[PDB]
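What follows is a set of notes on a single structure, which appears directly below.
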Amino acid sequence: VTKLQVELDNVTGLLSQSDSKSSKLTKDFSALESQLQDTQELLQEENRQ
Amino acid sequence: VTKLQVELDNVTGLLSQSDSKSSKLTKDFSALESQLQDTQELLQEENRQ
Amino acid sequence: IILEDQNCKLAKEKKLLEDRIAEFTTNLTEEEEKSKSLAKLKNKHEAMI
Amino acid sequence: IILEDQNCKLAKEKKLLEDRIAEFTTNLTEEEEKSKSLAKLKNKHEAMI
């Protein structure tokens, strides 16, 4: 029971760290979306010029 | 002990769900990262052309 | 028509590569999600084993 | 004249897309084996348990 409780804390910490780590990944995913849209618009506008 | 074992399986599922959410962001991260490479690298050719 | 024929077939390559690169990048990250998800679940078996 | 600029742009994009695909597709092979290998690793603990 104590060993399972210790594993529960590690499991809860792993899932919590994964969820918290996912928030930091949103910046990279969101930054790429804004960068991809800006780069795509720059590449598309470059063809017109 | 028997209850914690079954409860551990349910708690472990949340870790996979949290990891899937964090890993899901990495999936689009690699896709956007690869797309940015084709766009960022193409930007250098745009100025050259 | 000859120039458009080449551009038509060549346009599909740029569209297919751009569409395939998104799936290829996600496919590579899919293994990480399954590996990370299985690794997290496997950690519970390691602590139990 | 417009097709020449569009065809030339698609030519560079198609060349960069194929080159970037190999950089990501190559990692998929290692991730595919690692992800699949990790799947059987979890079963080893279950069988051993």
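Residue numbering restarts at 1 for every chain of the structure tokens, chains are lettered A, B, ... in their displayed order, and ligands are numbered from 1 as they appear.
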Give me, as a tab-separated table, each residue of chain A that comes within 10 Å of chain C, together with its shortest interatomic pair and the distance in Å at one decimal, counting only C-alpha atoms, with rows ordered by chain and rising residue number.
```
residue	atom	partner	partner_atom	distance
A:3	CA	C:47	CA	8.6
A:4	CA	C:48	CA	8.2
A:6	CA	C:47	CA	9.8
A:7	CA	C:47	CA	7.2
A:8	CA	C:44	CA	9.3
A:10	CA	C:44	CA	9.5
A:11	CA	C:44	CA	7.9
A:14	CA	C:40	CA	8.1
A:15	CA	C:40	CA	9.0
```
Output, as an mmCIF file with N, CA, C and O atoms, in the first residue's frame, the coordinates of chain B following least-squares superposition onto chain A across all in-order C-alpha pairs.
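See selection-v4.cif below for the written result:
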```cif
data_model
loop_
_atom_site.group_PDB
_atom_site.id
_atom_site.type_symbol
_atom_site.label_atom_id
_atom_site.label_comp_id
_atom_site.auth_asym_id
_atom_site.auth_seq_id
_atom_site.Cartn_x
_atom_site.Cartn_y
_atom_site.Cartn_z
ATOM 1 N N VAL B 1 -1.589 -0.182 0.591
ATOM 2 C CA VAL B 1 -2.615 0.753 0.138
ATOM 3 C C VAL B 1 -2.216 2.182 0.485
ATOM 4 O O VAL B 1 -2.258 3.082 -0.360
ATOM 5 N N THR B 2 -1.821 2.410 1.742
ATOM 6 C CA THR B 2 -1.380 3.742 2.143
ATOM 7 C C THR B 2 -0.088 4.129 1.436
ATOM 8 O O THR B 2 0.101 5.296 1.071
ATOM 9 N N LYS B 3 0.813 3.165 1.232
ATOM 10 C CA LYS B 3 2.058 3.459 0.528
ATOM 11 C C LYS B 3 1.808 3.700 -0.956
ATOM 12 O O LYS B 3 2.399 4.610 -1.550
ATOM 13 N N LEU B 4 0.938 2.896 -1.570
ATOM 14 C CA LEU B 4 0.627 3.094 -2.981
ATOM 15 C C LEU B 4 -0.051 4.436 -3.223
ATOM 16 O O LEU B 4 0.152 5.053 -4.274
ATOM 17 N N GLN B 5 -0.856 4.902 -2.267
ATOM 18 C CA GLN B 5 -1.502 6.203 -2.412
ATOM 19 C C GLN B 5 -0.467 7.318 -2.485
ATOM 20 O O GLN B 5 -0.537 8.192 -3.358
ATOM 21 N N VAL B 6 0.506 7.303 -1.572
ATOM 22 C CA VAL B 6 1.567 8.305 -1.608
ATOM 23 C C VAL B 6 2.452 8.099 -2.830
ATOM 24 O O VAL B 6 2.906 9.065 -3.456
ATOM 25 N N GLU B 7 2.711 6.840 -3.192
ATOM 26 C CA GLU B 7 3.515 6.567 -4.379
ATOM 27 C C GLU B 7 2.790 7.000 -5.646
ATOM 28 O O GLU B 7 3.426 7.429 -6.616
ATOM 29 N N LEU B 8 1.459 6.897 -5.658
ATOM 30 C CA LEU B 8 0.697 7.328 -6.826
ATOM 31 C C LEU B 8 0.875 8.821 -7.076
ATOM 32 O O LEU B 8 0.932 9.263 -8.229
ATOM 33 N N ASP B 9 0.963 9.614 -6.006
ATOM 34 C CA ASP B 9 1.183 11.047 -6.168
ATOM 35 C C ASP B 9 2.527 11.324 -6.831
ATOM 36 O O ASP B 9 2.637 12.215 -7.681
ATOM 37 N N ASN B 10 3.561 10.567 -6.456
ATOM 38 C CA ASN B 10 4.864 10.739 -7.087
ATOM 39 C C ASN B 10 4.838 10.282 -8.540
ATOM 40 O O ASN B 10 5.426 10.932 -9.413
ATOM 41 N N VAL B 11 4.163 9.166 -8.820
ATOM 42 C CA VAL B 11 4.053 8.692 -10.195
ATOM 43 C C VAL B 11 3.235 9.668 -11.031
ATOM 44 O O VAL B 11 3.547 9.916 -12.202
ATOM 45 N N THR B 12 2.176 10.235 -10.447
ATOM 46 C CA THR B 12 1.375 11.216 -11.172
ATOM 47 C C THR B 12 2.189 12.455 -11.517
ATOM 48 O O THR B 12 1.946 13.090 -12.549
ATOM 49 N N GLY B 13 3.154 12.817 -10.669
ATOM 50 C CA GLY B 13 3.998 13.961 -10.972
ATOM 51 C C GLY B 13 4.807 13.764 -12.240
ATOM 52 O O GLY B 13 5.013 14.707 -13.009
ATOM 53 N N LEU B 14 5.278 12.538 -12.475
ATOM 54 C CA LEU B 14 6.018 12.256 -13.700
ATOM 55 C C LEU B 14 5.133 12.428 -14.927
ATOM 56 O O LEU B 14 5.596 12.884 -15.979
ATOM 57 N N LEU B 15 3.853 12.066 -14.812
ATOM 58 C CA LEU B 15 2.932 12.254 -15.929
ATOM 59 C C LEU B 15 2.769 13.731 -16.261
ATOM 60 O O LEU B 15 2.743 14.113 -17.436
ATOM 61 N N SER B 16 2.656 14.580 -15.235
ATOM 62 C CA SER B 16 2.565 16.017 -15.476
ATOM 63 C C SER B 16 3.861 16.558 -16.066
ATOM 64 O O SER B 16 3.834 17.412 -16.960
ATOM 65 N N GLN B 17 5.005 16.076 -15.577
ATOM 66 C CA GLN B 17 6.284 16.501 -16.135
ATOM 67 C C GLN B 17 6.413 16.069 -17.590
ATOM 68 O O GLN B 17 6.838 16.851 -18.449
ATOM 69 N N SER B 18 6.047 14.820 -17.886
ATOM 70 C CA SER B 18 6.075 14.354 -19.269
ATOM 71 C C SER B 18 5.068 15.113 -20.124
ATOM 72 O O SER B 18 5.357 15.464 -21.273
ATOM 73 N N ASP B 19 3.880 15.378 -19.577
ATOM 74 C CA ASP B 19 2.888 16.156 -20.311
ATOM 75 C C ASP B 19 3.353 17.593 -20.508
ATOM 76 O O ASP B 19 3.118 18.190 -21.565
ATOM 77 N N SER B 20 4.015 18.166 -19.500
ATOM 78 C CA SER B 20 4.540 19.521 -19.640
ATOM 79 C C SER B 20 5.594 19.590 -20.736
ATOM 80 O O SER B 20 5.631 20.552 -21.515
ATOM 81 N N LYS B 21 6.461 18.578 -20.816
ATOM 82 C CA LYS B 21 7.460 18.543 -21.878
ATOM 83 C C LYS B 21 6.795 18.426 -23.244
ATOM 84 O O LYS B 21 7.150 19.144 -24.186
ATOM 85 N N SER B 22 5.821 17.520 -23.370
ATOM 86 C CA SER B 22 5.092 17.396 -24.629
ATOM 87 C C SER B 22 4.276 18.649 -24.917
ATOM 88 O O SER B 22 4.242 19.126 -26.057
ATOM 89 N N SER B 23 3.611 19.196 -23.896
ATOM 90 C CA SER B 23 2.857 20.430 -24.086
ATOM 91 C C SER B 23 3.778 21.614 -24.346
ATOM 92 O O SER B 23 3.396 22.548 -25.060
ATOM 93 N N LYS B 24 4.988 21.596 -23.781
ATOM 94 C CA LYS B 24 5.937 22.672 -24.038
ATOM 95 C C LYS B 24 6.285 22.754 -25.518
ATOM 96 O O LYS B 24 6.395 23.850 -26.079
ATOM 97 N N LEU B 25 6.463 21.602 -26.168
ATOM 98 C CA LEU B 25 6.728 21.602 -27.603
ATOM 99 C C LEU B 25 5.552 22.183 -28.377
ATOM 100 O O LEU B 25 5.742 22.875 -29.382
ATOM 101 N N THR B 26 4.327 21.910 -27.921
ATOM 102 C CA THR B 26 3.156 22.486 -28.571
ATOM 103 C C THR B 26 3.111 24.000 -28.404
ATOM 104 O O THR B 26 2.592 24.703 -29.278
ATOM 105 N N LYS B 27 3.645 24.516 -27.296
ATOM 106 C CA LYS B 27 3.692 25.962 -27.101
ATOM 107 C C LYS B 27 4.506 26.631 -28.202
ATOM 108 O O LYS B 27 4.048 27.590 -28.834
ATOM 109 N N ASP B 28 5.720 26.134 -28.446
ATOM 110 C CA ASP B 28 6.526 26.667 -29.539
ATOM 111 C C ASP B 28 5.946 26.287 -30.895
ATOM 112 O O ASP B 28 6.177 26.988 -31.886
ATOM 113 N N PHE B 29 5.195 25.184 -30.959
ATOM 114 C CA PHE B 29 4.565 24.790 -32.215
ATOM 115 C C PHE B 29 3.551 25.833 -32.666
ATOM 116 O O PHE B 29 3.540 26.244 -33.832
ATOM 117 N N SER B 30 2.688 26.277 -31.749
ATOM 118 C CA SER B 30 1.720 27.314 -32.091
ATOM 119 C C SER B 30 2.415 28.631 -32.416
ATOM 120 O O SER B 30 2.000 29.347 -33.333
ATOM 121 N N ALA B 31 3.473 28.964 -31.675
ATOM 122 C CA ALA B 31 4.217 30.186 -31.957
ATOM 123 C C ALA B 31 4.873 30.120 -33.330
ATOM 124 O O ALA B 31 4.771 31.060 -34.129
ATOM 125 N N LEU B 32 5.557 29.011 -33.624
ATOM 126 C CA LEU B 32 6.169 28.851 -34.938
ATOM 127 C C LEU B 32 5.110 28.723 -36.026
ATOM 128 O O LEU B 32 5.280 29.253 -37.130
ATOM 129 N N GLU B 33 4.012 28.022 -35.734
ATOM 130 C CA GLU B 33 2.934 27.904 -36.711
ATOM 131 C C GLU B 33 2.348 29.267 -37.049
ATOM 132 O O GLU B 33 2.114 29.579 -38.223
ATOM 133 N N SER B 34 2.103 30.098 -36.033
ATOM 134 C CA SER B 34 1.604 31.444 -36.287
ATOM 135 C C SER B 34 2.635 32.282 -37.032
ATOM 136 O O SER B 34 2.282 33.065 -37.922
ATOM 137 N N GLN B 35 3.914 32.131 -36.685
ATOM 138 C CA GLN B 35 4.961 32.859 -37.394
ATOM 139 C C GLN B 35 5.058 32.406 -38.845
ATOM 140 O O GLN B 35 5.252 33.230 -39.747
ATOM 141 N N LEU B 36 4.927 31.101 -39.090
ATOM 142 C CA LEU B 36 4.956 30.603 -40.462
ATOM 143 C C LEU B 36 3.780 31.140 -41.266
ATOM 144 O O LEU B 36 3.922 31.451 -42.455
ATOM 145 N N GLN B 37 2.609 31.255 -40.635
ATOM 146 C CA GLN B 37 1.451 31.810 -41.328
ATOM 147 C C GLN B 37 1.718 33.239 -41.783
ATOM 148 O O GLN B 37 1.391 33.610 -42.917
ATOM 149 N N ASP B 38 2.311 34.058 -40.912
ATOM 150 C CA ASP B 38 2.654 35.421 -41.299
ATOM 151 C C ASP B 38 3.743 35.443 -42.364
ATOM 152 O O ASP B 38 3.786 36.366 -43.185
ATOM 153 N N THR B 39 4.625 34.443 -42.368
ATOM 154 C CA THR B 39 5.678 34.352 -43.371
ATOM 155 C C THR B 39 5.210 33.631 -44.630
ATOM 156 O O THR B 39 5.497 34.081 -45.744
ATOM 157 N N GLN B 40 4.494 32.516 -44.475
ATOM 158 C CA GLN B 40 3.978 31.801 -45.639
ATOM 159 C C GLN B 40 2.983 32.661 -46.408
ATOM 160 O O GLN B 40 3.054 32.763 -47.638
ATOM 161 N N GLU B 41 2.046 33.290 -45.696
ATOM 162 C CA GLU B 41 1.096 34.179 -46.357
ATOM 163 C C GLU B 41 1.807 35.374 -46.980
ATOM 164 O O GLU B 41 1.441 35.824 -48.072
ATOM 165 N N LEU B 42 2.827 35.901 -46.299
ATOM 166 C CA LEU B 42 3.591 37.009 -46.861
ATOM 167 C C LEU B 42 4.356 36.586 -48.108
ATOM 168 O O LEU B 42 4.603 37.415 -48.992
ATOM 169 N N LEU B 43 4.740 35.311 -48.197
ATOM 170 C CA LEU B 43 5.435 34.833 -49.387
ATOM 171 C C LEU B 43 4.577 35.013 -50.633
ATOM 172 O O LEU B 43 5.089 35.358 -51.704
ATOM 173 N N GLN B 44 3.267 34.782 -50.512
ATOM 174 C CA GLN B 44 2.374 35.005 -51.644
ATOM 175 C C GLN B 44 2.368 36.471 -52.056
ATOM 176 O O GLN B 44 2.333 36.788 -53.251
ATOM 177 N N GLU B 45 2.401 37.379 -51.079
ATOM 178 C CA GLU B 45 2.467 38.802 -51.398
ATOM 179 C C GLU B 45 3.819 39.181 -51.985
ATOM 180 O O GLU B 45 3.902 40.107 -52.799
ATOM 181 N N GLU B 46 4.885 38.483 -51.587
ATOM 182 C CA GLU B 46 6.203 38.759 -52.149
ATOM 183 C C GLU B 46 6.216 38.508 -53.652
ATOM 184 O O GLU B 46 6.678 39.348 -54.432
ATOM 185 N N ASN B 47 5.709 37.349 -54.078
ATOM 186 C CA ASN B 47 5.634 37.058 -55.504
ATOM 187 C C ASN B 47 4.707 38.035 -56.216
ATOM 188 O O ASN B 47 4.994 38.477 -57.335
ATOM 189 N N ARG B 48 3.587 38.390 -55.580
ATOM 190 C CA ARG B 48 2.679 39.363 -56.175
ATOM 191 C C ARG B 48 3.360 40.715 -56.346
ATOM 192 O O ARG B 48 3.220 41.363 -57.389
ATOM 193 N N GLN B 49 4.101 41.159 -55.327
ATOM 194 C CA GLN B 49 4.829 42.418 -55.433
ATOM 195 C C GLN B 49 6.064 42.275 -56.316
ATOM 196 O O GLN B 49 6.392 43.188 -57.080
#
```
- Define the interface residues of chain D facing chain C as those within 7 Å, counting only C-alpha atoms, and report them as an NGL selection string. :D and (7 or 10 or 13-14 or 17-18 or 21 or 24-25 or 27-28 or 31-32 or 35 or 38-39 or 42 or 45-46 or 49)
Least-squares superpose chain C onto chain D - every C-alpha atom, paired in order - and show me the moved coordinates as a PDB file with N, CA and C atoms, in the first residue's frame.
```
ATOM      1  N   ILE C   1      11.350  35.789 -66.908  1.00  0.00           N
ATOM      2  CA  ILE C   1      11.290  36.031 -65.469  1.00  0.00           C
ATOM      3  C   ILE C   1       9.990  35.488 -64.891  1.00  0.00           C
ATOM      4  N   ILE C   2       8.877  35.687 -65.600  1.00  0.00           N
ATOM      5  CA  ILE C   2       7.600  35.147 -65.140  1.00  0.00           C
ATOM      6  C   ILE C   2       7.638  33.624 -65.147  1.00  0.00           C
ATOM      7  N   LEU C   3       8.162  33.033 -66.223  1.00  0.00           N
ATOM      8  CA  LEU C   3       8.291  31.581 -66.274  1.00  0.00           C
ATOM      9  C   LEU C   3       9.282  31.081 -65.230  1.00  0.00           C
ATOM     10  N   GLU C   4      10.415  31.773 -65.079  1.00  0.00           N
ATOM     11  CA  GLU C   4      11.380  31.387 -64.056  1.00  0.00           C
ATOM     12  C   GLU C   4      10.824  31.593 -62.653  1.00  0.00           C
ATOM     13  N   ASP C   5      10.003  32.628 -62.459  1.00  0.00           N
ATOM     14  CA  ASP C   5       9.393  32.848 -61.151  1.00  0.00           C
ATOM     15  C   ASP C   5       8.510  31.673 -60.754  1.00  0.00           C
ATOM     16  N   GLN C   6       7.676  31.196 -61.680  1.00  0.00           N
ATOM     17  CA  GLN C   6       6.846  30.030 -61.395  1.00  0.00           C
ATOM     18  C   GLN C   6       7.703  28.792 -61.170  1.00  0.00           C
ATOM     19  N   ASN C   7       8.698  28.576 -62.034  1.00  0.00           N
ATOM     20  CA  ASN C   7       9.590  27.435 -61.857  1.00  0.00           C
ATOM     21  C   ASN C   7      10.393  27.561 -60.568  1.00  0.00           C
ATOM     22  N   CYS C   8      10.802  28.782 -60.219  1.00  0.00           N
ATOM     23  CA  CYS C   8      11.539  28.987 -58.976  1.00  0.00           C
ATOM     24  C   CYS C   8      10.691  28.601 -57.771  1.00  0.00           C
ATOM     25  N   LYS C   9       9.461  29.114 -57.702  1.00  0.00           N
ATOM     26  CA  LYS C   9       8.571  28.747 -56.607  1.00  0.00           C
ATOM     27  C   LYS C   9       8.130  27.293 -56.704  1.00  0.00           C
ATOM     28  N   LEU C  10       7.927  26.787 -57.923  1.00  0.00           N
ATOM     29  CA  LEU C  10       7.546  25.389 -58.086  1.00  0.00           C
ATOM     30  C   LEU C  10       8.714  24.453 -57.803  1.00  0.00           C
ATOM     31  N   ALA C  11       9.939  24.871 -58.133  1.00  0.00           N
ATOM     32  CA  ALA C  11      11.102  24.040 -57.846  1.00  0.00           C
ATOM     33  C   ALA C  11      11.254  23.805 -56.348  1.00  0.00           C
ATOM     34  N   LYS C  12      10.933  24.815 -55.535  1.00  0.00           N
ATOM     35  CA  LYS C  12      11.001  24.642 -54.088  1.00  0.00           C
ATOM     36  C   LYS C  12      10.021  23.582 -53.607  1.00  0.00           C
ATOM     37  N   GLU C  13       8.852  23.487 -54.243  1.00  0.00           N
ATOM     38  CA  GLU C  13       7.885  22.460 -53.865  1.00  0.00           C
ATOM     39  C   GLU C  13       8.450  21.066 -54.106  1.00  0.00           C
ATOM     40  N   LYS C  14       8.999  20.831 -55.299  1.00  0.00           N
ATOM     41  CA  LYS C  14       9.606  19.535 -55.587  1.00  0.00           C
ATOM     42  C   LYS C  14      10.779  19.260 -54.655  1.00  0.00           C
ATOM     43  N   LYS C  15      11.564  20.292 -54.338  1.00  0.00           N
ATOM     44  CA  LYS C  15      12.675  20.114 -53.409  1.00  0.00           C
ATOM     45  C   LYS C  15      12.175  19.961 -51.978  1.00  0.00           C
ATOM     46  N   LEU C  16      11.174  20.755 -51.590  1.00  0.00           N
ATOM     47  CA  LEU C  16      10.617  20.633 -50.247  1.00  0.00           C
ATOM     48  C   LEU C  16       9.914  19.294 -50.062  1.00  0.00           C
ATOM     49  N   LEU C  17       9.098  18.889 -51.040  1.00  0.00           N
ATOM     50  CA  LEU C  17       8.427  17.596 -50.949  1.00  0.00           C
ATOM     51  C   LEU C  17       9.434  16.454 -50.918  1.00  0.00           C
ATOM     52  N   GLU C  18      10.454  16.516 -51.778  1.00  0.00           N
ATOM     53  CA  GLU C  18      11.489  15.487 -51.766  1.00  0.00           C
ATOM     54  C   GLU C  18      12.259  15.500 -50.451  1.00  0.00           C
ATOM     55  N   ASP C  19      12.497  16.689 -49.895  1.00  0.00           N
ATOM     56  CA  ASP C  19      13.176  16.786 -48.608  1.00  0.00           C
ATOM     57  C   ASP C  19      12.238  16.487 -47.446  1.00  0.00           C
ATOM     58  N   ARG C  20      10.956  16.831 -47.579  1.00  0.00           N
ATOM     59  CA  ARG C  20       9.994  16.542 -46.521  1.00  0.00           C
ATOM     60  C   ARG C  20       9.580  15.075 -46.530  1.00  0.00           C
ATOM     61  N   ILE C  21       9.471  14.472 -47.715  1.00  0.00           N
ATOM     62  CA  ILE C  21       9.111  13.060 -47.796  1.00  0.00           C
ATOM     63  C   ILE C  21      10.151  12.199 -47.096  1.00  0.00           C
ATOM     64  N   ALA C  22      11.424  12.597 -47.157  1.00  0.00           N
ATOM     65  CA  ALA C  22      12.462  11.852 -46.454  1.00  0.00           C
ATOM     66  C   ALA C  22      12.307  11.985 -44.945  1.00  0.00           C
ATOM     67  N   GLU C  23      11.948  13.181 -44.469  1.00  0.00           N
ATOM     68  CA  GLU C  23      11.731  13.377 -43.040  1.00  0.00           C
ATOM     69  C   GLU C  23      10.404  12.778 -42.591  1.00  0.00           C
ATOM     70  N   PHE C  24       9.359  12.911 -43.413  1.00  0.00           N
ATOM     71  CA  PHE C  24       8.070  12.321 -43.065  1.00  0.00           C
ATOM     72  C   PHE C  24       8.164  10.804 -42.989  1.00  0.00           C
ATOM     73  N   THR C  25       8.848  10.184 -43.953  1.00  0.00           N
ATOM     74  CA  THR C  25       9.028   8.736 -43.914  1.00  0.00           C
ATOM     75  C   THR C  25       9.830   8.317 -42.688  1.00  0.00           C
ATOM     76  N   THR C  26      10.894   9.060 -42.371  1.00  0.00           N
ATOM     77  CA  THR C  26      11.676   8.753 -41.179  1.00  0.00           C
ATOM     78  C   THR C  26      10.881   9.011 -39.906  1.00  0.00           C
ATOM     79  N   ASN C  27      10.015  10.028 -39.912  1.00  0.00           N
ATOM     80  CA  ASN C  27       9.192  10.301 -38.739  1.00  0.00           C
ATOM     81  C   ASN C  27       8.231   9.150 -38.462  1.00  0.00           C
ATOM     82  N   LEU C  28       7.609   8.607 -39.512  1.00  0.00           N
ATOM     83  CA  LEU C  28       6.717   7.469 -39.330  1.00  0.00           C
ATOM     84  C   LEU C  28       7.475   6.258 -38.801  1.00  0.00           C
ATOM     85  N   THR C  29       8.684   6.022 -39.313  1.00  0.00           N
ATOM     86  CA  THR C  29       9.497   4.915 -38.823  1.00  0.00           C
ATOM     87  C   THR C  29      10.051   5.180 -37.430  1.00  0.00           C
ATOM     88  N   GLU C  30      10.178   6.447 -37.035  1.00  0.00           N
ATOM     89  CA  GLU C  30      10.664   6.757 -35.694  1.00  0.00           C
ATOM     90  C   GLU C  30       9.732   6.196 -34.629  1.00  0.00           C
ATOM     91  N   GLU C  31       8.420   6.285 -34.856  1.00  0.00           N
ATOM     92  CA  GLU C  31       7.468   5.720 -33.906  1.00  0.00           C
ATOM     93  C   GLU C  31       7.619   4.207 -33.815  1.00  0.00           C
ATOM     94  N   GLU C  32       7.889   3.549 -34.946  1.00  0.00           N
ATOM     95  CA  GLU C  32       8.101   2.107 -34.924  1.00  0.00           C
ATOM     96  C   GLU C  32       9.345   1.746 -34.124  1.00  0.00           C
ATOM     97  N   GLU C  33      10.418   2.525 -34.277  1.00  0.00           N
ATOM     98  CA  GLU C  33      11.631   2.274 -33.506  1.00  0.00           C
ATOM     99  C   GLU C  33      11.378   2.464 -32.017  1.00  0.00           C
ATOM    100  N   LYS C  34      10.733   3.573 -31.647  1.00  0.00           N
ATOM    101  CA  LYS C  34      10.407   3.803 -30.243  1.00  0.00           C
ATOM    102  C   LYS C  34       9.408   2.771 -29.737  1.00  0.00           C
ATOM    103  N   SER C  35       8.390   2.460 -30.543  1.00  0.00           N
ATOM    104  CA  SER C  35       7.416   1.447 -30.144  1.00  0.00           C
ATOM    105  C   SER C  35       8.073   0.079 -30.020  1.00  0.00           C
ATOM    106  N   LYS C  36       8.874  -0.303 -31.017  1.00  0.00           N
ATOM    107  CA  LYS C  36       9.573  -1.582 -30.951  1.00  0.00           C
ATOM    108  C   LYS C  36      10.574  -1.602 -29.804  1.00  0.00           C
ATOM    109  N   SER C  37      11.318  -0.508 -29.622  1.00  0.00           N
ATOM    110  CA  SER C  37      12.261  -0.433 -28.511  1.00  0.00           C
ATOM    111  C   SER C  37      11.533  -0.482 -27.175  1.00  0.00           C
ATOM    112  N   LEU C  38      10.438   0.271 -27.052  1.00  0.00           N
ATOM    113  CA  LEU C  38       9.655   0.236 -25.822  1.00  0.00           C
ATOM    114  C   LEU C  38       8.939  -1.099 -25.664  1.00  0.00           C
ATOM    115  N   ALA C  39       8.476  -1.683 -26.771  1.00  0.00           N
ATOM    116  CA  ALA C  39       7.825  -2.987 -26.699  1.00  0.00           C
ATOM    117  C   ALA C  39       8.795  -4.057 -26.216  1.00  0.00           C
ATOM    118  N   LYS C  40      10.025  -4.046 -26.731  1.00  0.00           N
ATOM    119  CA  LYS C  40      11.027  -5.003 -26.273  1.00  0.00           C
ATOM    120  C   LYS C  40      11.334  -4.802 -24.794  1.00  0.00           C
ATOM    121  N   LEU C  41      11.542  -3.549 -24.383  1.00  0.00           N
ATOM    122  CA  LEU C  41      11.765  -3.268 -22.969  1.00  0.00           C
ATOM    123  C   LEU C  41      10.523  -3.577 -22.145  1.00  0.00           C
ATOM    124  N   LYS C  42       9.337  -3.308 -22.697  1.00  0.00           N
ATOM    125  CA  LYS C  42       8.103  -3.633 -21.991  1.00  0.00           C
ATOM    126  C   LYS C  42       7.937  -5.137 -21.822  1.00  0.00           C
ATOM    127  N   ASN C  43       8.469  -5.929 -22.756  1.00  0.00           N
ATOM    128  CA  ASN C  43       8.392  -7.379 -22.622  1.00  0.00           C
ATOM    129  C   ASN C  43       9.109  -7.853 -21.365  1.00  0.00           C
ATOM    130  N   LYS C  44      10.228  -7.211 -21.019  1.00  0.00           N
ATOM    131  CA  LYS C  44      10.930  -7.564 -19.791  1.00  0.00           C
ATOM    132  C   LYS C  44      10.055  -7.312 -18.569  1.00  0.00           C
ATOM    133  N   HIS C  45       9.315  -6.199 -18.567  1.00  0.00           N
ATOM    134  CA  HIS C  45       8.401  -5.929 -17.463  1.00  0.00           C
ATOM    135  C   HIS C  45       7.255  -6.933 -17.440  1.00  0.00           C
ATOM    136  N   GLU C  46       6.777  -7.345 -18.614  1.00  0.00           N
ATOM    137  CA  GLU C  46       5.719  -8.350 -18.672  1.00  0.00           C
ATOM    138  C   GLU C  46       6.194  -9.672 -18.081  1.00  0.00           C
ATOM    139  N   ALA C  47       7.380 -10.128 -18.491  1.00  0.00           N
ATOM    140  CA  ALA C  47       7.933 -11.352 -17.920  1.00  0.00           C
ATOM    141  C   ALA C  47       8.186 -11.204 -16.427  1.00  0.00           C
ATOM    142  N   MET C  48       8.567 -10.006 -15.981  1.00  0.00           N
ATOM    143  CA  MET C  48       8.774  -9.774 -14.556  1.00  0.00           C
ATOM    144  C   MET C  48       7.450  -9.580 -13.826  1.00  0.00           C
ATOM    145  N   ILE C  49       6.506  -8.864 -14.442  1.00  0.00           N
ATOM    146  CA  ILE C  49       5.201  -8.677 -13.820  1.00  0.00           C
ATOM    147  C   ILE C  49       4.439  -9.994 -13.762  1.00  0.00           C
TER     148      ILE C  49
END
```
